[PDB]
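What follows is a single structure, written as structure tokens, with notes after it.
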Amino acid sequence: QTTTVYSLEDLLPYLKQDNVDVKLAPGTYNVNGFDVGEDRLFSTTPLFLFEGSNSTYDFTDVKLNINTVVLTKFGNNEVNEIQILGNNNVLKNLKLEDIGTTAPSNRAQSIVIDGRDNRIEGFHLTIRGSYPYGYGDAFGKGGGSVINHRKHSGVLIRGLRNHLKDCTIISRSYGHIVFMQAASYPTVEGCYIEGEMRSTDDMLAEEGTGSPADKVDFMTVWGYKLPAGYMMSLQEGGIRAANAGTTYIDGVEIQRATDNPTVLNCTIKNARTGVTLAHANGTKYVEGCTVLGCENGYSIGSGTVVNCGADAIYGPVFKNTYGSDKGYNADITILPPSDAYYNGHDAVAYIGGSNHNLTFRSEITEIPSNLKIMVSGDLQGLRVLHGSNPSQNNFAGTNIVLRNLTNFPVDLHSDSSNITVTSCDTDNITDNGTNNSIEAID
């Protein structure tokens, strides 16, 4: 009942068919610039457009090598290597690697998942080729950039009930590793997600070289010269819900926020954010995850984070995004450091909003002197200095349960009120808020 094909040329017709069971024979397949043309195999982008429904595609032992020059062969248009438009499709075990580091002419997304009830399982994806690469988002991630960009993202989850399962996503590109736009009930489960880091001091050492950052005198889009002392990711989000977007389901174009995301048992390493879902609506659930060396650990806005862990070497494990945050319930383990501490944010957590139930657990005995649990106050975060992103800093906290089962100190700012604090040690808790309760525990 399974059709096996032995070339990308013979694969493509099946992508336009419904109810097919297709296997691409074990082997290596190469997509290079010569392969993209009007009379060539890849006439249009997306390269692999899964338009059919109710189909299964097996890519076991398939290595698909896509030369990044392909990202420049479609004019000034977005290039997507893989897009699923149908429903009830299963794609499994493909190994996809972006070859070379050539930047996209405009922008690129390796995999885009529209439709409903699709699953991508067991993929191994390596993302390469973007501009600028080496600065993170310091000189622009959207419009009005200090340095113009050609972003390359990895997996874009849209549609309805679409599922990313047991995948490895390695990024060496300036883009989100895994993100959700206009997605209803997306689920990310069992995935390993990894980017790479670079200190702002290393960036600043480009002074005099004529680098692109050197030529703008390191003036960031946040309004100030790039500060030393921070560790940045070269990628954007690890698992992120975008603000708003467009998806396609059953020939219906839909503009909406992401809603009801679920993230289960994922390890995220060296991204801008471990798991950030504050922009998603509906029920948010994050369970069993590990976040290592990210600039921020967990920021889902509201919902549940349970049985999760983050280390604190490069940024806070937990951040309330806005003062409008409400009903954030979290049980987070501060993991032992995966590398030396280089956390310029001067906080292991920033807590604000109202009606939160927060538990922090750790075995760490050696606490860096700048690391503190903050309830309200002026976070020294890289992107919120000197009034930048003002809704994400300097906001009040009210009616919050804080169970500090850690040796980390707690600072309650004067904008904090009705904070119920239990801690291993209350001697390192400073309270300048209103009607805060502070009880020690064994």
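By convention in this document, the chains of the structure tokens carry letters A, B, ... by their order, each chain's residues are numbered from 1, and ligands are numbered from 1 in the order they are shown.
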
Which residues come within 6 Å of region 401-418 of chain A, counting only C-alpha atoms, excluding same-chain residues fewer than 6 positions away, as a PDB file with N, CA and C atoms, in the first residue's frame?
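Contents of result08.pdb, as written:
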```
ATOM      1  N   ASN A 357       0.738  32.167  40.981  1.00  0.00           N
ATOM      2  CA  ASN A 357       1.150  31.165  41.962  1.00  0.00           C
ATOM      3  C   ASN A 357       2.461  30.556  41.478  1.00  0.00           C
ATOM      4  N   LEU A 358       3.566  30.999  42.071  1.00  0.00           N
ATOM      5  CA  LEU A 358       4.901  30.725  41.560  1.00  0.00           C
ATOM      6  C   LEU A 358       5.705  29.945  42.587  1.00  0.00           C
ATOM      7  N   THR A 359       6.291  28.835  42.147  1.00  0.00           N
ATOM      8  CA  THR A 359       7.187  28.028  42.959  1.00  0.00           C
ATOM      9  C   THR A 359       8.516  27.899  42.232  1.00  0.00           C
ATOM     10  N   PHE A 360       9.608  28.169  42.941  1.00  0.00           N
ATOM     11  CA  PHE A 360      10.951  27.981  42.412  1.00  0.00           C
ATOM     12  C   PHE A 360      11.685  26.980  43.292  1.00  0.00           C
ATOM     13  N   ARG A 361      12.275  25.968  42.662  1.00  0.00           N
ATOM     14  CA  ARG A 361      13.053  24.945  43.346  1.00  0.00           C
ATOM     15  C   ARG A 361      14.463  24.949  42.777  1.00  0.00           C
ATOM     16  N   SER A 362      15.453  24.735  43.638  1.00  0.00           N
ATOM     17  CA  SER A 362      16.829  24.634  43.173  1.00  0.00           C
ATOM     18  C   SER A 362      17.667  23.952  44.238  1.00  0.00           C
ATOM     19  N   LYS A 372      18.925  37.621  41.802  1.00  0.00           N
ATOM     20  CA  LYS A 372      17.888  37.969  42.754  1.00  0.00           C
ATOM     21  C   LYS A 372      16.547  37.606  42.111  1.00  0.00           C
ATOM     22  N   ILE A 373      15.584  37.157  42.914  1.00  0.00           N
ATOM     23  CA  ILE A 373      14.196  37.107  42.451  1.00  0.00           C
ATOM     24  C   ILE A 373      13.597  38.498  42.628  1.00  0.00           C
ATOM     25  N   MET A 374      13.144  39.093  41.532  1.00  0.00           N
ATOM     26  CA  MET A 374      12.580  40.437  41.554  1.00  0.00           C
ATOM     27  C   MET A 374      11.062  40.358  41.462  1.00  0.00           C
ATOM     28  N   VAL A 375      10.377  40.986  42.412  1.00  0.00           N
ATOM     29  CA  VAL A 375       8.962  41.307  42.274  1.00  0.00           C
ATOM     30  C   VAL A 375       8.862  42.809  42.049  1.00  0.00           C
ATOM     31  N   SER A 376       8.391  43.189  40.858  1.00  0.00           N
ATOM     32  CA  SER A 376       8.410  44.566  40.376  1.00  0.00           C
ATOM     33  C   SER A 376       9.828  45.127  40.375  1.00  0.00           C
ATOM     34  N   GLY A 377       9.959  46.415  40.092  1.00  0.00           N
ATOM     35  CA  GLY A 377      11.262  47.040  40.016  1.00  0.00           C
ATOM     36  C   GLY A 377      11.696  47.305  38.589  1.00  0.00           C
ATOM     37  N   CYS A 424      13.228  29.544  51.988  1.00  0.00           N
ATOM     38  CA  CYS A 424      14.163  28.798  52.822  1.00  0.00           C
ATOM     39  C   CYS A 424      14.820  29.694  53.860  1.00  0.00           C
ATOM     40  N   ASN A 428      17.761  37.190  53.478  1.00  0.00           N
ATOM     41  CA  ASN A 428      18.167  37.790  52.215  1.00  0.00           C
ATOM     42  C   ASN A 428      16.976  38.309  51.412  1.00  0.00           C
ATOM     43  N   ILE A 429      15.832  38.496  52.059  1.00  0.00           N
ATOM     44  CA  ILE A 429      14.632  39.044  51.438  1.00  0.00           C
ATOM     45  C   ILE A 429      14.493  40.497  51.860  1.00  0.00           C
ATOM     46  N   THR A 430      14.514  41.408  50.890  1.00  0.00           N
ATOM     47  CA  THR A 430      14.289  42.828  51.143  1.00  0.00           C
ATOM     48  C   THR A 430      12.877  43.177  50.691  1.00  0.00           C
ATOM     49  N   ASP A 431      12.089  43.760  51.592  1.00  0.00           N
ATOM     50  CA  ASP A 431      10.696  44.098  51.318  1.00  0.00           C
ATOM     51  C   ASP A 431      10.509  45.605  51.406  1.00  0.00           C
ATOM     52  N   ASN A 432      10.279  46.238  50.257  1.00  0.00           N
ATOM     53  CA  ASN A 432       9.892  47.642  50.206  1.00  0.00           C
ATOM     54  C   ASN A 432       8.482  47.826  49.661  1.00  0.00           C
ATOM     55  N   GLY A 433       7.714  46.743  49.539  1.00  0.00           N
ATOM     56  CA  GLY A 433       6.359  46.810  49.039  1.00  0.00           C
ATOM     57  C   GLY A 433       5.340  47.005  50.145  1.00  0.00           C
ATOM     58  N   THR A 434       4.073  46.842  49.775  1.00  0.00           N
ATOM     59  CA  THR A 434       2.949  47.115  50.663  1.00  0.00           C
ATOM     60  C   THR A 434       2.240  45.818  51.028  1.00  0.00           C
ATOM     61  N   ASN A 435       2.041  45.600  52.332  1.00  0.00           N
ATOM     62  CA  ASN A 435       1.270  44.463  52.847  1.00  0.00           C
ATOM     63  C   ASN A 435       1.761  43.137  52.272  1.00  0.00           C
ATOM     64  N   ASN A 436       3.080  42.996  52.195  1.00  0.00           N
ATOM     65  CA  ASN A 436       3.704  41.748  51.778  1.00  0.00           C
ATOM     66  C   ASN A 436       3.919  40.867  52.998  1.00  0.00           C
TER      67      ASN A 436
END
```

* **Distance query residue 71 (chain A) at most 8 Å, only C-alpha atoms, self and fewer than 3 positions along chain excluded, as an MDAnalysis selection string** => chainID A and resid 68 74 79 102:105 107:108

* Can you check which residues of region 73-299 of chain A DSSP gives as helix (DSSP H, G or I) on the backbone and send them as number ranges by chain? => A: 200-204, 212-215

* **Residues within 8 Å of residue 160 (chain A), only C-alpha atoms, excluding chain neighbours under 6 positions, as a PyMOL selection string** => chain A and resi 114-117+183-186+249

Interface rows for region 383-406 of chain A against region 218-235 of chain A: nearest pair, Å to one decimal, 12 Å, only C-alpha atoms, as JSON lines:
```
{"residue": "A:383", "atom": "CA", "partner": "A:222", "partner_atom": "CA", "distance": 6.5}
{"residue": "A:384", "atom": "CA", "partner": "A:222", "partner_atom": "CA", "distance": 7.8}
{"residue": "A:385", "atom": "CA", "partner": "A:222", "partner_atom": "CA", "distance": 8.1}
{"residue": "A:386", "atom": "CA", "partner": "A:224", "partner_atom": "CA", "distance": 8.0}
{"residue": "A:387", "atom": "CA", "partner": "A:222", "partner_atom": "CA", "distance": 8.9}
{"residue": "A:388", "atom": "CA", "partner": "A:222", "partner_atom": "CA", "distance": 5.7}
{"residue": "A:389", "atom": "CA", "partner": "A:222", "partner_atom": "CA", "distance": 7.8}
{"residue": "A:390", "atom": "CA", "partner": "A:222", "partner_atom": "CA", "distance": 10.7}
```

Take the selection from the previous step and output its residues with N, CA and C atoms, as a PDB file, in the first residue's frame.
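Final file, result_32.pdb:
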```
ATOM      1  N   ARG A 383      16.984  44.432  26.646  1.00  0.00           N
ATOM      2  CA  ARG A 383      16.061  45.067  25.724  1.00  0.00           C
ATOM      3  C   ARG A 383      15.098  46.030  26.411  1.00  0.00           C
ATOM      4  N   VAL A 384      15.261  46.266  27.710  1.00  0.00           N
ATOM      5  CA  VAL A 384      14.338  47.114  28.454  1.00  0.00           C
ATOM      6  C   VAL A 384      15.095  48.134  29.292  1.00  0.00           C
ATOM      7  N   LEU A 385      16.267  48.550  28.822  1.00  0.00           N
ATOM      8  CA  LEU A 385      17.007  49.613  29.484  1.00  0.00           C
ATOM      9  C   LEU A 385      16.524  50.971  28.973  1.00  0.00           C
ATOM     10  N   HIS A 386      16.660  51.990  29.825  1.00  0.00           N
ATOM     11  CA  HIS A 386      16.390  53.396  29.477  1.00  0.00           C
ATOM     12  C   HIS A 386      15.029  53.595  28.801  1.00  0.00           C
ATOM     13  N   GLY A 387      14.008  52.899  29.298  1.00  0.00           N
ATOM     14  CA  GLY A 387      12.660  53.090  28.810  1.00  0.00           C
ATOM     15  C   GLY A 387      12.309  52.324  27.555  1.00  0.00           C
ATOM     16  N   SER A 388      13.216  51.494  27.049  1.00  0.00           N
ATOM     17  CA  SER A 388      12.911  50.632  25.913  1.00  0.00           C
ATOM     18  C   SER A 388      11.908  49.554  26.305  1.00  0.00           C
ATOM     19  N   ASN A 389      11.018  49.213  25.367  1.00  0.00           N
ATOM     20  CA  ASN A 389       9.918  48.272  25.564  1.00  0.00           C
ATOM     21  C   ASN A 389       9.246  48.506  26.928  1.00  0.00           C
ATOM     22  N   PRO A 390       8.679  49.700  27.144  1.00  0.00           N
ATOM     23  CA  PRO A 390       8.303  50.097  28.514  1.00  0.00           C
ATOM     24  C   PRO A 390       7.206  49.252  29.142  1.00  0.00           C
TER      25      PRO A 390
END
```
